[PDB]
file protein05.cif (mmCIF, C-alpha atoms)
data_entry
loop_
_atom_site.label_atom_id
_atom_site.label_comp_id
_atom_site.auth_asym_id
_atom_site.auth_seq_id
_atom_site.Cartn_x
_atom_site.Cartn_y
_atom_site.Cartn_z
CA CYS A 1497 0.00 0.00 0.00
CA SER A 1498 1.23 3.51 -0.88
CA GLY A 1499 3.91 5.16 1.27
CA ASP A 1500 5.61 2.00 2.32
CA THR A 1501 8.72 0.33 0.86
CA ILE A 1502 8.52 -1.92 -2.23
CA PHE A 1503 10.61 -5.00 -1.83
CA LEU A 1504 11.40 -6.68 -5.09
CA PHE A 1505 12.80 -10.18 -5.25
CA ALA A 1506 14.65 -11.87 -8.05
CA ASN A 1507 14.11 -15.30 -6.62
CA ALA A 1508 17.22 -16.45 -8.47
CA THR A 1509 20.98 -16.38 -8.24
CA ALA A 1510 23.24 -14.39 -10.53
CA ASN A 1511 26.69 -13.01 -10.62
CA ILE A 1512 25.26 -9.85 -12.09
CA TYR A 1513 21.78 -8.48 -11.56
CA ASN A 1514 20.10 -5.84 -13.71
CA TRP A 1515 16.71 -4.43 -12.83
CA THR A 1516 14.70 -2.05 -14.99
CA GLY A 1517 11.45 -0.32 -14.05
CA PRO A 1518 8.71 2.25 -14.81
CA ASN A 1519 10.34 5.49 -13.91
CA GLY A 1520 13.87 4.71 -14.98
CA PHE A 1521 14.33 2.50 -12.01
CA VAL A 1522 17.71 0.88 -12.22
CA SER A 1523 19.39 -1.50 -9.85
CA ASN A 1524 22.23 -3.97 -9.73
CA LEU A 1525 21.20 -5.56 -6.49
CA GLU A 1526 19.71 -8.83 -5.59
CA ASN A 1527 16.28 -8.06 -4.18
CA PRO A 1528 16.38 -4.19 -4.24
CA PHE A 1529 13.79 -1.88 -2.77
CA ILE A 1530 11.98 1.40 -3.41
CA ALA A 1531 11.27 3.71 -0.50
CA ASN A 1532 8.20 5.91 -0.19
CA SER A 1533 6.27 4.01 -2.78
CA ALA A 1534 3.75 5.87 -4.81
CA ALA A 1535 1.49 5.07 -7.74
CA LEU A 1536 3.90 6.38 -10.34
CA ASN A 1537 6.13 3.41 -9.60
CA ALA A 1538 3.43 0.85 -10.18
CA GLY A 1539 4.05 -1.24 -13.24
CA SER A 1540 6.20 -3.85 -14.92
CA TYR A 1541 9.67 -4.51 -13.53
CA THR A 1542 12.20 -6.49 -15.53
CA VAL A 1543 14.81 -8.77 -14.03
CA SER A 1544 17.83 -9.63 -16.11
CA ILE A 1545 20.31 -12.22 -14.85
CA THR A 1546 23.80 -13.03 -16.02
CA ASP A 1547 25.36 -16.24 -14.76
CA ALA A 1548 28.93 -17.45 -14.25
CA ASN A 1549 29.32 -18.75 -17.78
CA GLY A 1550 28.36 -15.38 -19.26
CA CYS A 1551 24.87 -16.56 -20.37
CA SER A 1552 21.65 -14.83 -19.39
CA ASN A 1553 17.88 -15.02 -18.99
CA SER A 1554 15.07 -12.82 -17.64
CA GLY A 1555 11.56 -12.40 -16.19
CA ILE A 1556 8.79 -9.94 -15.30
CA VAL A 1557 7.10 -8.98 -12.05
CA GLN A 1558 3.98 -6.83 -12.02
CA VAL A 1559 4.04 -4.49 -9.04
CA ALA A 1560 0.88 -2.84 -7.77
CA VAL A 1561 0.71 0.13 -5.45
CA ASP A 1562 -2.56 0.28 -3.61
CA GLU A 1563 -4.19 3.63 -2.80
CA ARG A 1564 -4.24 4.59 0.87
CA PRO A 1565 -7.44 6.15 2.13
CA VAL A 1566 -7.12 9.32 4.14
CA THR A 1567 -7.93 9.20 7.84
CA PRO A 1568 -11.58 10.27 8.31
CA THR A 1569 -12.68 12.88 10.78
CA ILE A 1570 -15.44 11.66 13.05
CA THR A 1571 -18.19 14.20 13.41
CA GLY A 1572 -20.44 13.70 16.42
CA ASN A 1573 -23.68 15.23 17.69
CA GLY A 1574 -22.28 16.79 20.84
CA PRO A 1575 -23.03 15.77 24.43
CA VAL A 1576 -26.19 13.75 24.91
CA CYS A 1577 -28.69 12.84 27.69
CA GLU A 1578 -29.71 9.31 28.72
CA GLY A 1579 -32.97 10.10 26.95
CA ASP A 1580 -31.22 10.63 23.61
CA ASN A 1581 -29.61 9.20 20.42
CA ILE A 1582 -25.96 9.27 19.19
CA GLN A 1583 -25.02 9.73 15.57
CA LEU A 1584 -21.49 9.75 14.23
CA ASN A 1585 -20.65 10.68 10.64
CA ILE A 1586 -17.72 9.99 8.29
CA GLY A 1587 -17.05 11.41 4.83
CA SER A 1588 -17.69 8.79 2.14
CA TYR A 1589 -15.03 6.46 0.77
CA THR A 1590 -15.28 4.56 -2.48
CA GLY A 1591 -13.60 1.55 -4.00
CA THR A 1592 -14.48 -2.01 -4.92
CA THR A 1593 -15.17 -2.80 -1.29
CA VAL A 1594 -15.30 -0.41 1.67
CA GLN A 1595 -15.58 -1.44 5.29
CA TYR A 1596 -16.04 0.91 8.20
CA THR A 1597 -14.94 -0.68 11.43
CA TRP A 1598 -16.01 1.00 14.62
CA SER A 1599 -14.82 0.63 18.14
CA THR A 1600 -17.30 1.70 20.76
CA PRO A 1601 -17.22 1.55 24.59
CA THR A 1602 -19.43 -1.54 24.40
CA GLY A 1603 -17.69 -3.48 21.60
CA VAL A 1604 -16.81 -3.56 17.91
CA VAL A 1605 -19.27 -3.24 15.05
CA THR A 1606 -18.94 -2.99 11.30
CA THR A 1607 -20.83 -1.37 8.47
CA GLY A 1608 -20.75 -0.60 4.76
CA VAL A 1609 -22.10 2.86 5.50
CA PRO A 1610 -19.97 5.80 6.71
CA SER A 1611 -22.02 6.29 9.87
CA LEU A 1612 -22.89 4.94 13.30
CA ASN A 1613 -26.23 5.22 15.10
CA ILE A 1614 -26.98 4.37 18.71
CA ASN A 1615 -30.59 4.72 19.52
CA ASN A 1616 -31.84 4.64 23.07
CA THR A 1617 -28.45 5.81 24.32
CA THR A 1618 -27.45 4.88 27.80
CA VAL A 1619 -24.71 6.05 30.17
CA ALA A 1620 -22.86 2.82 29.38
CA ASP A 1621 -22.17 4.36 25.98
CA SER A 1622 -19.99 7.10 27.46
CA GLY A 1623 -16.45 6.93 26.24
CA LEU A 1624 -14.24 7.02 23.23
CA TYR A 1625 -15.33 5.92 19.82
CA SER A 1626 -13.01 5.33 16.93
CA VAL A 1627 -13.25 4.41 13.30
CA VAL A 1628 -10.80 2.85 10.93
CA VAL A 1629 -11.63 2.64 7.26
CA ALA A 1630 -10.47 -0.15 5.00
CA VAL A 1631 -10.63 0.37 1.25
CA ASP A 1632 -9.74 -2.48 -1.08
CA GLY A 1633 -7.24 -3.82 1.45
CA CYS A 1634 -5.54 -0.54 2.66
CA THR A 1635 -6.32 0.50 6.20
CA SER A 1636 -6.36 4.16 7.22
CA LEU A 1637 -5.15 5.37 10.54
CA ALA A 1638 -8.15 5.54 12.85
CA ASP A 1639 -9.70 8.69 14.27
CA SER A 1640 -11.04 9.00 17.84
CA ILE A 1641 -13.91 11.03 19.33
CA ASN A 1642 -15.09 11.51 22.92
CA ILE A 1643 -18.83 11.15 23.29
CA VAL A 1644 -20.33 12.20 26.58
CA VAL A 1645 -23.75 10.90 27.66
CA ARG A 1646 -25.06 11.87 31.10
CA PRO A 1647 -28.07 10.58 33.10
CA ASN A 1648 -31.41 12.31 33.17
CA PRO A 1649 -31.95 14.47 36.30
CA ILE A 1650 -34.12 13.18 39.13
CA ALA A 1651 -37.60 14.60 39.46
CA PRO A 1652 -37.41 17.63 41.78
CA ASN A 1653 -38.89 17.88 45.21
CA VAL A 1654 -42.30 19.49 45.29
CA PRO A 1655 -44.11 20.03 48.64
CA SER A 1656 -46.29 17.12 49.68
CA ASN A 1657 -50.05 17.22 49.38
CA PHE A 1658 -51.55 20.00 51.43
CA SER A 1659 -54.57 22.17 51.82
CA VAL A 1660 -55.37 25.82 52.28
CA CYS A 1661 -58.59 27.63 53.19
CA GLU A 1662 -60.36 30.08 50.92
CA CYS B 1497 12.85 15.59 3.40
CA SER B 1498 11.59 17.94 0.67
CA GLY B 1499 13.06 21.44 0.37
CA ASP B 1500 16.44 20.59 1.70
CA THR B 1501 19.66 19.78 -0.21
CA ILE B 1502 20.34 16.26 -1.56
CA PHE B 1503 23.88 15.22 -0.95
CA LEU B 1504 24.99 12.38 -3.15
CA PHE B 1505 28.15 10.43 -2.47
CA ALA B 1506 30.16 8.30 -4.81
CA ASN B 1507 32.01 6.61 -2.01
CA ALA B 1508 34.84 5.92 -4.43
CA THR B 1509 37.80 7.59 -6.08
CA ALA B 1510 38.03 8.44 -9.75
CA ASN B 1511 39.90 10.68 -12.03
CA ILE B 1512 36.66 11.39 -13.82
CA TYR B 1513 33.19 11.28 -12.33
CA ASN B 1514 29.95 11.11 -14.31
CA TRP B 1515 26.58 11.29 -12.60
CA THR B 1516 23.24 10.80 -14.33
CA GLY B 1517 19.80 11.28 -12.78
CA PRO B 1518 15.99 11.50 -13.14
CA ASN B 1519 15.49 14.91 -14.58
CA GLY B 1520 18.56 15.11 -16.75
CA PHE B 1521 20.72 15.60 -13.74
CA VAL B 1522 24.31 15.68 -14.83
CA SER B 1523 27.43 16.17 -12.80
CA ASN B 1524 31.15 15.68 -13.01
CA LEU B 1525 31.81 16.16 -9.35
CA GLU B 1526 32.72 13.88 -6.58
CA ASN B 1527 29.80 13.92 -4.18
CA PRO B 1528 27.56 16.58 -5.90
CA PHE B 1529 24.38 18.04 -4.50
CA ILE B 1530 20.90 19.18 -5.51
CA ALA B 1531 19.43 22.27 -3.89
CA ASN B 1532 15.75 22.76 -3.11
CA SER B 1533 14.95 19.10 -3.41
CA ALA B 1534 11.53 18.15 -4.56
CA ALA B 1535 9.76 14.91 -5.42
CA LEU B 1536 10.46 15.16 -9.13
CA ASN B 1537 14.11 14.46 -8.37
CA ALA B 1538 13.41 11.29 -6.47
CA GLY B 1539 14.66 8.23 -8.25
CA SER B 1540 17.64 6.26 -9.48
CA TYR B 1541 20.98 8.02 -9.78
CA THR B 1542 23.83 6.44 -11.69
CA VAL B 1543 27.48 6.82 -10.82
CA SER B 1544 30.04 6.15 -13.49
CA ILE B 1545 33.74 6.12 -12.62
CA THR B 1546 36.78 6.23 -14.84
CA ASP B 1547 40.12 5.42 -13.25
CA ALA B 1548 43.73 6.31 -14.05
CA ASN B 1549 44.25 3.41 -16.42
CA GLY B 1550 41.25 4.43 -18.53
CA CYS B 1551 39.02 1.57 -17.23
CA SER B 1552 35.62 2.08 -15.67
CA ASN B 1553 32.83 0.71 -13.49
CA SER B 1554 29.52 1.94 -12.04
CA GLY B 1555 26.74 1.73 -9.43
CA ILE B 1556 23.24 2.87 -8.45
CA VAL B 1557 21.85 4.86 -5.53
CA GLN B 1558 18.12 5.11 -4.93
CA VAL B 1559 17.26 8.56 -3.63
CA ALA B 1560 13.99 9.23 -1.84
CA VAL B 1561 12.45 12.62 -1.21
CA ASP B 1562 10.09 12.56 1.71
CA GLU B 1563 6.94 14.71 1.70
CA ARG B 1564 6.92 17.60 4.16
CA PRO B 1565 3.67 18.18 6.00
CA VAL B 1566 2.36 21.71 6.08
CA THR B 1567 2.38 23.57 9.38
CA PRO B 1568 -1.05 23.15 11.03
CA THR B 1569 -3.07 26.02 12.37
CA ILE B 1570 -4.16 25.48 15.95
CA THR B 1571 -7.78 26.36 16.47
CA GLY B 1572 -8.77 26.98 20.07
CA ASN B 1573 -12.03 27.53 21.95
CA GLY B 1574 -11.35 31.07 23.08
CA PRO B 1575 -10.76 32.29 26.64
CA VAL B 1576 -11.97 29.95 29.35
CA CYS B 1577 -12.95 30.03 33.07
CA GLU B 1578 -11.49 27.85 35.83
CA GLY B 1579 -14.81 26.02 35.68
CA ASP B 1580 -14.28 25.03 32.04
CA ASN B 1581 -12.68 22.73 29.40
CA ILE B 1582 -10.04 23.46 26.70
CA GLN B 1583 -10.15 21.93 23.25
CA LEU B 1584 -7.60 22.51 20.53
CA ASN B 1585 -8.07 21.29 16.96
CA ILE B 1586 -5.73 20.53 14.04
CA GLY B 1587 -6.59 19.64 10.45
CA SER B 1588 -5.97 15.95 9.77
CA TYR B 1589 -2.71 14.57 8.43
CA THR B 1590 -2.29 11.17 6.82
CA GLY B 1591 0.58 8.85 6.10
CA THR B 1592 1.86 5.49 7.30
CA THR B 1593 2.37 6.90 10.77
CA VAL B 1594 1.31 10.30 12.12
CA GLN B 1595 2.29 11.70 15.50
CA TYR B 1596 1.00 14.91 16.97
CA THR B 1597 3.32 16.24 19.63
CA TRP B 1598 2.00 18.92 21.90
CA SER B 1599 3.71 21.29 24.22
CA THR B 1600 1.54 22.65 26.97
CA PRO B 1601 2.31 24.92 29.96
CA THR B 1602 2.38 21.82 32.16
CA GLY B 1603 4.45 19.46 29.98
CA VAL B 1604 4.60 17.49 26.73
CA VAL B 1605 2.02 14.99 25.55
CA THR B 1606 1.53 13.00 22.39
CA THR B 1607 -1.38 11.63 20.42
CA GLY B 1608 -2.37 9.91 17.18
CA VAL B 1609 -5.37 12.21 16.95
CA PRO B 1610 -5.25 15.80 15.64
CA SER B 1611 -6.65 17.27 18.86
CA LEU B 1612 -5.99 18.10 22.49
CA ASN B 1613 -8.49 18.07 25.35
CA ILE B 1614 -7.99 19.40 28.85
CA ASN B 1615 -10.91 18.72 31.05
CA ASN B 1616 -11.29 20.35 34.42
CA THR B 1617 -9.12 23.25 33.30
CA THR B 1618 -7.21 25.14 35.91
CA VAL B 1619 -5.38 28.47 35.95
CA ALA B 1620 -2.12 26.50 35.82
CA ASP B 1621 -3.05 25.75 32.21
CA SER B 1622 -2.71 29.39 31.17
CA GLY B 1623 -0.02 29.92 28.62
CA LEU B 1624 1.18 29.01 25.20
CA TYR B 1625 0.43 25.74 23.54
CA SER B 1626 2.14 24.48 20.45
CA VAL B 1627 1.92 21.54 18.13
CA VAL B 1628 4.40 19.98 15.79
CA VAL B 1629 3.28 17.25 13.43
CA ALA B 1630 5.50 14.42 12.30
CA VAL B 1631 4.46 12.42 9.26
CA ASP B 1632 6.48 9.39 8.22
CA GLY B 1633 9.66 11.01 9.56
CA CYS B 1634 9.24 14.66 8.31
CA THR B 1635 8.57 17.23 10.99
CA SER B 1636 6.52 20.35 10.26
CA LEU B 1637 7.28 23.69 11.76
CA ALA B 1638 5.19 24.04 14.90
CA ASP B 1639 2.32 26.46 15.42
CA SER B 1640 1.66 28.33 18.68
CA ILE B 1641 -1.58 29.51 20.34
CA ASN B 1642 -2.21 31.56 23.48
CA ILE B 1643 -4.89 30.07 25.70
CA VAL B 1644 -6.16 32.21 28.51
CA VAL B 1645 -7.91 30.64 31.52
CA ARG B 1646 -8.97 32.89 34.40
CA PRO B 1647 -10.25 32.04 37.91
CA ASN B 1648 -13.90 31.96 38.83
CA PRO B 1649 -15.11 35.14 40.60
CA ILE B 1650 -15.59 35.13 44.36
CA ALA B 1651 -19.13 34.94 45.67
CA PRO B 1652 -20.41 38.52 46.11
CA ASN B 1653 -21.17 40.20 49.36
CA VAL B 1654 -24.80 40.01 50.37
CA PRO B 1655 -26.02 41.72 53.60
CA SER B 1656 -25.83 39.50 56.66
CA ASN B 1657 -28.90 37.90 58.17
CA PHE B 1658 -31.41 40.48 59.30
CA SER B 1659 -35.02 41.01 60.12
CA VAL B 1660 -37.74 43.48 59.33
CA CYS B 1661 -41.22 44.01 60.81
CA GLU B 1662 -44.43 43.60 58.86
#

call {"tool": "encode", "arguments": {"input": "protein05.cif", "output": "structure tokens"}}
result
Amino acid sequence: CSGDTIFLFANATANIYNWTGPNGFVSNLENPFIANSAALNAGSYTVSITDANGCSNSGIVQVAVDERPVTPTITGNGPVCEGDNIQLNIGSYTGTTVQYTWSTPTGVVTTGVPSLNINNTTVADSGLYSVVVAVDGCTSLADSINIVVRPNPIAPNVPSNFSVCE
Amino acid sequence: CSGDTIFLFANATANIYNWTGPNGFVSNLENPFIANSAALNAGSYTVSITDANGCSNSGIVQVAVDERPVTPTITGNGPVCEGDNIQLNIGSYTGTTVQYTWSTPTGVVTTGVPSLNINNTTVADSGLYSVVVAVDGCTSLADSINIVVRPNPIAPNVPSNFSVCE
């Protein structure tokens, strides 16, 4: 996935190695690597091997660079009451397959929708929530939000039943 | 990291040096350099050496240029009271690994989240806050914000217990 280091392997011995790739990549190493990988290095890499007797052969490796989704920002609905509902929102992600994985104070849930909805909120839902988004195999760094849900106040004291005279 | 000077090294003697690189980079120096480095100079650089007897050899160095995150702007929540909470926000950064390092009047804290939250604020929290963001090894220049937190007022004088006649 993009940003990490591409490790290429010849999977063969040689006295001399010659690699050629998409952006003028050149190497004479066995199993060389490319730092800070980005999409412009995706493509066909050629391995050319020369042996001890001066004879040679070759082969091709197709190297993909997967796109890394950007960390989402969780948008909440502010502090809530026990008698309330919690909604968290994420900006949409696209791809062949998108999974939103959420960690909540009560467990882990998943969805195909960039949102989370807790109805009939309770104080047990107080705590940190976080979301990590996986798009076609690349996992974003998760975001975290603090959701505060407090209990409903107790009915106030009112003077007990009484009577007055006209 | 981008914007600084690339220093290349041949790590070998020669009578004649010949360097070739990604954007038509050409040099005849031992250990040449590229000023104001930017991503379009990342790539494979070739070193070609000719010795005293007229014979030659070569080698390849893979040069990365890391992306420099932009200095964040710290957004605060305005002046606060002792009986209050401080929240600072940063725009999100992405990468393989992102660390937000914060300096506060009471010490240094870190997080993986572009935010800072001080609950139960006290006057000891008055002062400058600053944040530096490190993304995959490149460190941004830090921003600084002045957060002002003042003590709660003292209960006012009210006349002492007294009595009046109907």

call {"tool": "interface_residues", "arguments": {"input": "protein05.cif", "of": "chain A", "to": "chain B", "cutoff": "12 Å", "atoms": "only C-alpha atoms", "output": "PyMOL selection string"}}
result
chain A and resi 1497-1501+1512-1525+1528-1534+1536-1537+1563-1570+1626-1627+1634-1642

call {"tool": "closest_residue", "arguments": {"input": "protein05.cif", "among": "A:1607, A:1618, A:1595, A:1552", "to": "residue A:1647", "atoms": "all atoms listed in the file"}}
result
A:1618

call {"tool": "resolve_selection", "arguments": {"input": "protein05.cif", "expression": "the PyMOL selection byres ((chain B and resi 1622) around 6)", "output": "list in words"}}
result
residues 1619, 1620, 1621, 1623, 1643, 1644 and 1645 of chain B

call {"tool": "resolve_selection", "arguments": {"input": "protein05.cif", "expression": "the PyMOL selection byres ((chain B and resi 1573) around 8)", "output": "ChimeraX atom specification"}}
result
/B:1571-1572,1574-1576,1582-1584

call {"tool": "closest_residue", "arguments": {"input": "protein05.cif", "among": "B:1549, B:1543, B:1646, B:1535", "to": "residue B:1505", "atoms": "all atoms listed in the file"}}
result
B:1543

call {"tool": "decode", "arguments": {"input": "protein05.cif", "residues": "stretch 1565-1591 of chain A", "atoms": "N, CA, C and O atoms", "output": "compact mmCIF listing (two decimals), in the first residue's frame"}}
result
# COMPACT_ATOMS: atom_id res chain seq x y z
N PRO A 1565 -6.39 5.21 1.78
CA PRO A 1565 -7.44 6.15 2.13
C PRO A 1565 -6.94 7.08 3.20
O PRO A 1565 -6.10 6.71 4.01
N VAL A 1566 -7.47 8.28 3.19
CA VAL A 1566 -7.12 9.32 4.14
C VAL A 1566 -7.88 9.11 5.43
O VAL A 1566 -9.06 8.78 5.39
N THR A 1567 -7.24 9.33 6.57
CA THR A 1567 -7.93 9.20 7.84
C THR A 1567 -9.16 10.09 7.88
O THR A 1567 -9.06 11.28 7.60
N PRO A 1568 -10.32 9.54 8.22
CA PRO A 1568 -11.58 10.27 8.31
C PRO A 1568 -11.59 11.12 9.54
O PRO A 1568 -10.88 10.83 10.49
N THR A 1569 -12.45 12.12 9.56
CA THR A 1569 -12.68 12.88 10.78
C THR A 1569 -14.04 12.50 11.31
O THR A 1569 -15.02 12.62 10.59
N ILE A 1570 -14.13 12.03 12.55
CA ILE A 1570 -15.44 11.66 13.05
C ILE A 1570 -16.17 12.89 13.49
O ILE A 1570 -15.68 13.64 14.32
N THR A 1571 -17.37 13.08 12.98
CA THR A 1571 -18.19 14.20 13.41
C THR A 1571 -19.32 13.67 14.28
O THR A 1571 -20.09 12.82 13.84
N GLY A 1572 -19.41 14.16 15.51
CA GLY A 1572 -20.44 13.70 16.42
C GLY A 1572 -21.57 14.70 16.54
O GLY A 1572 -21.60 15.71 15.84
N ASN A 1573 -22.50 14.42 17.46
CA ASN A 1573 -23.68 15.23 17.69
C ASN A 1573 -23.63 15.91 19.03
O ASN A 1573 -24.69 16.18 19.59
N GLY A 1574 -22.44 16.11 19.58
CA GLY A 1574 -22.28 16.79 20.84
C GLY A 1574 -22.65 15.89 22.01
O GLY A 1574 -22.84 14.70 21.85
N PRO A 1575 -22.64 16.47 23.21
CA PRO A 1575 -23.03 15.77 24.43
C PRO A 1575 -24.47 15.37 24.34
O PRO A 1575 -25.27 16.07 23.74
N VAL A 1576 -24.82 14.24 24.95
CA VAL A 1576 -26.19 13.75 24.91
C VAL A 1576 -26.68 13.39 26.31
O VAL A 1576 -25.88 13.24 27.24
N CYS A 1577 -28.00 13.26 26.46
CA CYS A 1577 -28.69 12.84 27.69
C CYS A 1577 -29.01 11.34 27.63
O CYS A 1577 -29.06 10.75 26.56
N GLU A 1578 -29.25 10.70 28.78
CA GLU A 1578 -29.71 9.31 28.72
C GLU A 1578 -30.89 9.20 27.76
O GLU A 1578 -30.92 8.33 26.89
N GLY A 1579 -31.83 10.13 27.85
CA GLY A 1579 -32.97 10.10 26.95
C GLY A 1579 -32.65 10.70 25.59
O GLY A 1579 -33.18 11.76 25.23
N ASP A 1580 -31.77 10.04 24.83
CA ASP A 1580 -31.22 10.63 23.61
C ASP A 1580 -30.70 9.58 22.62
O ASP A 1580 -30.77 8.37 22.86
N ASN A 1581 -30.17 10.05 21.47
CA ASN A 1581 -29.61 9.20 20.42
C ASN A 1581 -28.27 9.75 19.90
O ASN A 1581 -28.12 10.96 19.73
N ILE A 1582 -27.30 8.87 19.63
CA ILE A 1582 -25.96 9.27 19.19
C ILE A 1582 -25.76 8.97 17.73
O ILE A 1582 -25.88 7.81 17.31
N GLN A 1583 -25.36 9.97 16.96
CA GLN A 1583 -25.02 9.73 15.57
C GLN A 1583 -23.62 10.22 15.27
O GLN A 1583 -23.29 11.36 15.57
N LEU A 1584 -22.82 9.37 14.65
CA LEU A 1584 -21.49 9.75 14.23
C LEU A 1584 -21.42 9.69 12.71
O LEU A 1584 -21.93 8.75 12.10
N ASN A 1585 -20.77 10.67 12.09
CA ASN A 1585 -20.65 10.68 10.64
C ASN A 1585 -19.22 10.74 10.13
O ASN A 1585 -18.34 11.38 10.72
N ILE A 1586 -19.00 10.09 8.99
CA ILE A 1586 -17.72 9.99 8.29
C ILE A 1586 -17.92 10.44 6.84
O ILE A 1586 -18.98 10.22 6.27
N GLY A 1587 -16.93 11.10 6.25
CA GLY A 1587 -17.05 11.41 4.83
C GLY A 1587 -16.96 10.13 4.01
O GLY A 1587 -16.25 9.21 4.38
N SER A 1588 -17.66 10.05 2.89
CA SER A 1588 -17.69 8.79 2.14
C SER A 1588 -16.37 8.39 1.51
O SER A 1588 -15.62 9.21 0.99
N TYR A 1589 -16.14 7.08 1.47
CA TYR A 1589 -15.03 6.46 0.77
C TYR A 1589 -15.59 5.55 -0.30
O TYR A 1589 -16.66 4.98 -0.14
N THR A 1590 -14.87 5.42 -1.40
CA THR A 1590 -15.28 4.56 -2.48
C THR A 1590 -14.17 3.60 -2.83
O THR A 1590 -13.03 3.79 -2.43
N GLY A 1591 -14.52 2.59 -3.59
CA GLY A 1591 -13.60 1.55 -4.00
C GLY A 1591 -14.42 0.32 -4.32
O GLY A 1591 -15.64 0.38 -4.31
